[PDB]
């Protein structure tokens, strides 16, 4: 027996029209609310007003993609998929009240998947029920244009295509504008919107901080494994060689660039897929990432944070073993110290002994095996972000998720493993369930996020004192079986690590 209501529920009035949703276990749920429409390679526009009451209880179309996904690690990251269409500008909402006086914090989730794949529902753990219920906040999860639909510069072919290089980012701004006008009708506070995102999602978030059109549409930000530097380089340069190549492959003349709007997506994607790698090999622009211009300034640490971005408090995180997705080639729980020492000595040019001592100091409770899966891809750039933002005068908290899992003998925390905990959705991701361990940590991290968006201070009785990071001193909250806060704690570890590879 689960609680469900539909008929006698209040109708919700948005600027464009009336909607109805459902209620489930006390939670008001709306799906596939269109926030904008967009013709191909053009800026998003408001939806048209309708009459009568429209049902919003079905997930909307997700954005078309260049390639087909191949999920083979669903225990690590449980996924969901959905029909694709260019009418994909919708959002989903979970709330505890439709009273306009409720004014609860609004959590605005931007999915990852680089800038080319994914959606508001692409992970099972993106479901907002638990976050909304346990935190009493309004959860908004959003779709926006991806790959060449959201990140392809066609402005050299007319002002009609102005801003097409960052259209996908313009969509998120459109969604934020919808939230400003309408979130009160879902019990949310338009003056307290937090944008948060992971991986590509984190990059979209840090991008919006550096996007003047979005100033004032959100008031906090949270970036999870979403700073990686030159390992996911943004695509820059002249777009004409790519477009010219695509027109030829599609049998179009250069003065027929307008036809690219209405070419079937399958063909458009096929043409891009075949011709772009030769362009890439030539060092040229191929899109599918943001691209600095008047609309998007570029990243803070590289070009300087805007004045407004300095005023956005930020929580940032990474996990211990980000891209170590594959199985460790041995049993971590049984390998002998002698075997490990040989492996280290071979991998790190004879610096195994020093690396263990330094690792013992940084990570006292960890087996030395974990040196082999330690992340240096996201951690480095994220620390630089924390430092650069703090130096700019900003307010920033930093964490590192280091929980080991009941899988392949204490597998270290992998990319996206913290998403269930932040969403209070460990029940939706089997592998994250650890007796006497996971429930506690999930509450610790989740209550911290809630405190963060309610007061600007994530501190609470269940976790150690967590100060803001400063320019010369990062305070890293290590989320684990035993939570600790450490200071500049892996500086030499990373220095030694990189020196030895």
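Residue numbers count along the first chain shown, from 1.
**Q** Which has the higher mean CA temperature factor in the PDB entry, 117-125 or 179-187?
**A** Per the PDB record, 179-187.
**Q** Mean C-alpha B-factor higher for 264-272, or for 164-172?
**A** Per the PDB entry, the higher value belongs to 264-272.
**Q** Select one of 212, 251, 420, 298: the residue whose C-alpha shows the highest B-factor in the crystal structure entry.
**A** Answer, based on the entry's C-alpha B-factors: 251.
**Q** Checking the record values for 314, 303, 319, 203, which has the greatest CA B factor?
**A** That would be 303, according to the entry.
**Q** Taking only the Cα B-factors deposited for this chain, tell me whether residue 290 sits in the lowest, middle or highest third.
**A** Middle third - that is where residue 290 ends up once the chain's C-alpha B-factors are sorted.
**Q** Relative to the other modelled residues in the chain, which third contains the C-alpha temperature factor of residue 197: lowest, middle or highest?
**A** According to the entry, residue 197 has a C-alpha B-factor in the chain's lowest third.
**Q** In terms of the CA temperature factor given in the entry, to which third of its chain does residue 486 belong: lowest, middle or highest?
**A** Residue 486: CA B-factor falls in the middle third of its chain.
**Q** Splitting the chain's C-alpha B-factors into thirds, which one does residue 40 fall into?
**A** Middle third.
**Q** Considering only modelled residues of the same chain, in which third does the CA B-factor of residue 346 rank: lowest, middle or highest?
**A** Top third by C-alpha B-factor.
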